[PDB]
Amino acid sequence: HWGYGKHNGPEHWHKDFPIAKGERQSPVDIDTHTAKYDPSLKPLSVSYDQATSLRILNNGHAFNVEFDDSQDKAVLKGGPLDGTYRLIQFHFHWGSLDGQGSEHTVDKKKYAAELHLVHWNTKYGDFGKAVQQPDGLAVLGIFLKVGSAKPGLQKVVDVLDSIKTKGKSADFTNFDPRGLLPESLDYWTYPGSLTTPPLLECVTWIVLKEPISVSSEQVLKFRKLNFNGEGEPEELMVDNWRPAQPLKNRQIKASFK
Ligand SMILES: NS(=O)(=O)c1ccc(S(=O)(=O)c2ccccc2)s1
Ligand SMILES: [Zn+2]
């Protein structure tokens, strides 16, 4: 029943997923002044050389680029993590206008969009088991601002017209996610949740300080996707973000400065 509108949007989710009002929900505002620099945090290790993408899917909430995670390829480790987490998919959240779209905010600043690279902890054997553990996932979040084009994003933007409506899929091989990363891997980190139903409190969040630039034409093409399936009234896929949730007892740590 869940989505992003007036009647089924974030404000409604708690009725099917009571965890929505939990103790470690995401996203949050990142208060850059009360985030603690932690000199014991390691550099983040992002090893995407051997990433193998499989498909791209419109699931009626976002589009997901999925990876073959059957071998030890495309791993995130280091930083705040105690193990090897394996890339399984990425997706974005974005707005109807360039002034909103990100789920995390930085001193209340909303970026145009946010990229989520989702990884699961290899100690749990697969993604489906990992999501039922408190340290099962690590999600790398990267903000998008509108400015220069991101060349490495263009393959994704070009396939969107083939997956316009909810339930459509496309073969999407050999996409290199290193093309979506900014220069610096300086990050903030905190314990939280999936930002969509089922809202499971299983994520270590690593949010990069440095946004990537994408062009207005690139983000306009995200906005041409649809929430609805083929043959229903057209509902543009925009404003698929959850707003900041209460930090509650939590500390956000910074890897820098
Ligand atoms: N926006 S986010 O990165 O926090 C996110 C929401 C849902 C996912 S999941 O599709 O991997 C998933 C995980 C468990 C159950 C169902 C879907 S990841
Ligand atoms: Zn997400």
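What counts and what doesn't
Here every chain is numbered from 1 following its written sequence, which may not line up with the entry's numbers; residues without coordinates are dropped from view. Going through the entries in the order they are written, you letter the chains from A and number the ligands from 1. The basis for every side-chain value is the complete set of non-hydrogen atoms in the structure, without hydrogens or water. Note that water is not among the atoms used; donors are N, O and S atoms within 2.8 Å of the metal (3.2 Å for Na, K and Ca), so sites may look incomplete. The rule is simple: four donors are tetrahedral if all their angles sit between 85 and 135 degrees, four are square planar and six octahedral if opposite donors span more than 155 degrees and the others lie between 65 and 115, and anything that fits none of that is irregular. The secondary structure listing takes helices from DSSP runs of H or I that are at least 4 residues long and strands from runs of E that are at least 2 residues long, numbered from the N terminus. Exposure classes here rest on a 1.4 Å probe applied to the protein chains alone. A residue is buried below 20% of its type maximum, exposed above 50%, and partly exposed in between. The near set for a molecule or strand comprises every residue that places at least one heavy atom within 4 Å of it. Polar contacts here mean pairs of N or O atoms no more than 3.5 Å apart (in protein, one a potential hydrogen donor and the other a potential acceptor; neighbouring residues in sequence count only if both atoms are side-chain atoms). With residues, only the protein chains shown are counted as cover, and all accessible areas are computed by Shrake-Rupley using a 1.4 Å probe. In this analysis the probe radius is 1.4 Å and the grid spacing 1 Å, with only protein atoms considered; a cavity is a set of points the probe fits into but cannot get out of, a pocket is an open set with protein on both sides within 12 Å along at least five of seven lines, and lining residues have an atom within 4 Å of a point. To be counted as sitting in a cavity or pocket, a molecule needs more than half of its atoms within 2 Å of that site's grid points. UniProt positions are given in the numbering used here, feature names are shortened, and annotations may be inferred rather than shown by experiment. By definition in these notes, contact holds between two residues if any of their heavy atoms fall within 4.5 Å. Definition used for salt bridges: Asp or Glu carboxyl oxygen within 4 Å of a side-chain nitrogen of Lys or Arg. Grid points are joined across faces, edges and corners, and a volume is the space filled by probe spheres set on the points. Residues are sorted three ways: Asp, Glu, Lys and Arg are charged, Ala, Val, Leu, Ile, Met, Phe, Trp, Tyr, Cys and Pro are nonpolar, and all the rest, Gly among them, are polar.

The deposited coordinates, according to the entry record, derive from X-ray crystallography at 1.600 Å resolution.

### A few points about the coordination of the zinc ion (ligand 2)
Surrounding the zinc ion (ligand 2) are the protein donor atoms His-91 (NE2), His-93 (NE2) and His-116 (ND1), at 2.0 Å. Coordination geometry of the zinc ion (ligand 2): the 4 donor atoms subtend angles of 101 to 116 degrees at the metal centre, consistent with an arrangement described as tetrahedral. When the donors of the zinc ion (ligand 2) are listed by position in the chain, the intervening gaps give H-x1-H-x22-H. Taken as a pair, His-93 in strand β7 (residues 85-94) and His-116 in strand β9 (residues 113-121) lie far apart in primary sequence, 23 residues in all. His-116 matches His-93 in its accessibility class, with the two residues each being buried.

### Brief notes about the site of ligand 1
By nearness alone, 13 residues border ligand 1, and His-91, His-93, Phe-127, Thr-195 and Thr-196 come closest of all. Residue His-93 places a side-chain N or O atom 3.3 Å away from a nitrogen atom belonging to ligand 1. Within the side chain of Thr-195, an N or O atom sits 2.8 Å from a nitrogen atom of ligand 1. Its free accessible area being 450 Å², ligand 1 has 81% of it covered by the protein chains. More than half of the atoms of ligand 1 fall within 2 Å of the grid points belonging to the largest pocket. For the shell around ligand 1, the elements supplying multiple residues, two or more each, are β7 and β9. Counting residues per element, the shell around ligand 1 draws most heavily on β7, which supplies 3 residues.

### Regarding the UniProt feature "binding site: Zn(2+)" in the chain
The residues that UniProt annotates with the feature "binding site: Zn(2+)" are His-91, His-93 and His-116. What stands out for the annotated residues spanning 26 residues is how close their C-alpha atoms remain, the widest pair being 8.2 Å apart. When only the residues just named are considered, the largest pocket is lined by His-91, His-93 and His-116. Following the sequence through the fold, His-91 ends up in strand β7. The contact partners of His-91, leaving out residues within four places of it in the chain, are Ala-62, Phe-63, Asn-64, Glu-114, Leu-115, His-116 and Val-118. A polar contact of 2.8 Å, which involves the side chain of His-91, links it to the side chain of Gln-89. Not counting residues up to four positions away in its chain, the partners in contact with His-116 are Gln-89, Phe-90, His-91, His-93, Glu-103, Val-139, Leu-140, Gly-141, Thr-195 and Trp-205. For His-116, the side chain forms a polar contact with the side chain of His-93, separated by 3.1 Å.

### Thoughts on the pattern of salt bridges
Scanning all chains against the criterion turns up 7 salt bridges. With a closest N to O distance of 2.9 Å, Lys-253 and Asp-38 form a salt bridge. With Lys-253 in strand β15 (residues 253-254) and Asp-38 in the loop between β2 (36-37) and β3 (44-47), the pair connects residues that are 215 residues apart, well separated along the chain. Take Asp-38: its relative accessible area is 14%, and that puts it in the buried class. Across the pair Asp-98 and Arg-223 runs a salt bridge whose closest N-O atoms are separated by 2.7 Å. Of this pair, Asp-98 sits in the loop between β7 and β8 (105-106) while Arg-223 is found in the loop between α3 (216-222) and β15, placing the two residues 125 residues apart along the sequence.

### So, the layout of surface pockets
Empty space among the atoms becomes visible once a probe the size of a water molecule is rolled across them. The volume enclosed by the largest pocket comes to roughly 410 Å³. Lining of the largest pocket is provided by 24 residues; of these, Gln-89, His-91, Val-118, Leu-194 and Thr-196 occupy positions nearest its centre. Listing elements by their share of the lining of the largest pocket, those giving two or more residues are β7, β9, β10 (137-146) and β13 (203-208). Looking at the lining of the largest pocket element by element, the count peaks at 3 residues for β7. Across the lining of the largest pocket, the residue classes tally to 14 nonpolar, 10 polar and no charged. Taken together, 13 residues form the lining of the second largest pocket, with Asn-8, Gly-60, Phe-227, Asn-228 and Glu-235 sitting closest to its centre. Tallied by class, the residues present in the lining of the second largest pocket amount to 4 nonpolar, 6 polar and 3 charged.

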